[PDB]
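S.K.: Sequence, then the experimental structure. Questions to follow.
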Amino acid sequence: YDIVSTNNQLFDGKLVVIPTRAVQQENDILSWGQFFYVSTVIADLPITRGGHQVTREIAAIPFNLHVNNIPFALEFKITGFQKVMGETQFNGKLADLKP
Amino acid sequence: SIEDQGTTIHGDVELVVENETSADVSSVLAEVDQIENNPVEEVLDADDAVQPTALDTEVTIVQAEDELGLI
Amino acid sequence: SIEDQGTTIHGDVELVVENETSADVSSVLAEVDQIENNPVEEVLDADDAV
Amino acid sequence: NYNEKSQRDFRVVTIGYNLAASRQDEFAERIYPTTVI
Amino acid sequence: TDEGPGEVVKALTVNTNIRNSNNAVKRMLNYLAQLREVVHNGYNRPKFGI
């Protein structure tokens, strides 16, 4: 296995395991997915948007697609780190058994 | 020279043996020199103070043929 | 010339001084070249693919 | 001005802003390797 | 201004590249949604179009 991390909030409480080819190759199918990229276009034209003002608009237009290959995943929702490492687990429970 | 000295413990005295005396104080204040440099602390324009960058990113630049402001 | 220029900001003006002006556009349309090479994406025969 | 203590002149420091991104980050690139089309 | 843009013009590619990473994240999670529904249902054999 291998470990890769992101900081996107959409995984704040998620771990997902996905297989991939141990050695990656260009435009392979055995990769879990592919990112098909085309050069991004940047254009500059003094458009008069609105009909009453003139602005130079420099715009970047993405042109790409994310494609999945392997219909396989395991999804885990891992929560409660602070409740275990911050607090007691063994002696805290024994302390509750006092008559 | 009273102008050149200061904090003289025993003091000093000079006698004003003069008729016409002029006092030019335009250069005495330190604040005036600071204002002449910059009335307000100098700030670089936001367009120049920023340095974004990208790597390994292929782009196609499309400007009008007669555009002077090139990318 | 307008044929060479691209989206000129100040614009371009030309005068036609020709008695006739033929226009052969058979090779201009880019989809024609794509079709000529591959009417459809090239795919190997099933036996050739394995 | 009995005390001309500095008020009008400061040591100005410009904070760097090298905002950067390369195609995809390590997470997206490792999962979806880039193929140029 | 006829001088042109400064280096800030590269922020447009940075915005695209940041979006490129976020798009991979959204697509990954949307794909897991597909697996949840398909694997939950009666699909335990390979077939086209599932």
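M.R.: Yep, that arrived. Residues are numbered from 1 along each chain as shown, chains lettered A, B, ... in the order given.

S.K.: Of all residues in chain B, which one is nearest the centre?
M.R.: Computing the C-alpha centroid of chain B and ranking residues by C-alpha atoms, centre = their mean puts residue B:37 first, at 2.4 Å.

S.K.: mind listing what it touches?
M.R.: residue D:9 (C-beta atoms under 8 Å, 6 or more residues apart in numbering or on different chains). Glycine gets a C-beta too; all of them are placed from N, C-alpha and C.

S.K.: Check which helix or strand the residue of chain B at minimum distance from chain E maps to.
M.R.: Closest residue of chain B to chain E, C-beta to the nearest C-beta: residue B:69 (3.0 Å). In the assignment (DSSP states H and E), residue B:69 maps to no helix and no strand.

S.K.: Now do it against residue E:1, distance only.
M.R.: According to C-beta to C-beta, to the nearest Å, residue B:69 and residue E:1 sit 7 Å apart.

S.K.: who's more crowded, these two?
M.R.: residue B:69 (15 against 7; other C-beta atoms under 10 Å in any protein chain shown).

S.K.: Distance check, that one against chain A.
M.R.: Residue B:69 sits 8 Å away from chain A, going by C-beta to the nearest C-beta, to the nearest Å.

S.K.: Is the closest residue in space to that residue that isn't next to it in sequence part of a helix or strand, or is it coil?
M.R.: Ranked by C-beta to C-beta, 6 or more residues apart in numbering or on different chains and with sequence neighbours excluded, the top spatial neighbour of residue B:69 is residue E:4, at 3.0 Å. When classified by DSSP: H, G, I helix; E, B strand; the rest coil, residue E:4 comes out as coil.

S.K.: hang on, residue E:4 packs against residue B:47?
M.R.: No. Using C-beta atoms under 8 Å, residue E:4 is not in contact with residue B:47; the gap is 11.2 Å.

S.K.: the more surrounded of those two?
M.R.: Neighbour count, other C-beta under 10 Å: between residue E:4 and residue B:47, residue E:4 has more, with 15 against 11.

S.K.: ok, now which ones touch that one?
M.R.: B:68, B:69, B:70, B:71.

S.K.: Which of the residues in the longest helix belonging to chain B are classified as buried?
M.R.: Ranked by residue count and defined by DSSP state H, the top helix of chain B is helix B:30-37. Using 16 or more other C-beta atoms under 10 Å in any protein chain shown as the test for burial, helix B:30-37 gives residue B:34.

S.K.: count of residues packed around the closest residue to chain C within chain D?
M.R.: Evaluated by C-beta to the nearest C-beta, chain D has residue D:37 as its residue closest to chain C, separated by 13.2 Å. Here the count is done by other C-beta under 10 Å, and residue D:37 has 11 residues near it.

S.K.: Wait, it touches residue A:36, no?
M.R.: Yes. Residue D:37 is in contact with residue A:36 according to C-beta under 8 Å; the separation is 5.0 Å.

S.K.: From what I see, the residue of chain B closest to chain E and residue E:2 are in contact.
M.R.: Yes. Applying C-beta under 8 Å, one finds residue B:69 in contact with residue E:2, separated by 5.6 Å.

S.K.: Is residue B:13 in a helix, a strand, or coil?
M.R.: coil.

S.K.: what sits against it?
M.R.: Per C-beta under 8 Å, 6+ apart, neighbours of residue B:13: none.

S.K.: next one: phi and psi at the residue nearest the centre of chain E?
M.R.: Among the residues of chain E, the one closest to the centroid is residue E:23, at 2.4 Å (C-alpha atoms, centre = their mean). When quoted as degrees, to the nearest 10, the phi and psi of residue E:23 stand at phi -60, psi -40.
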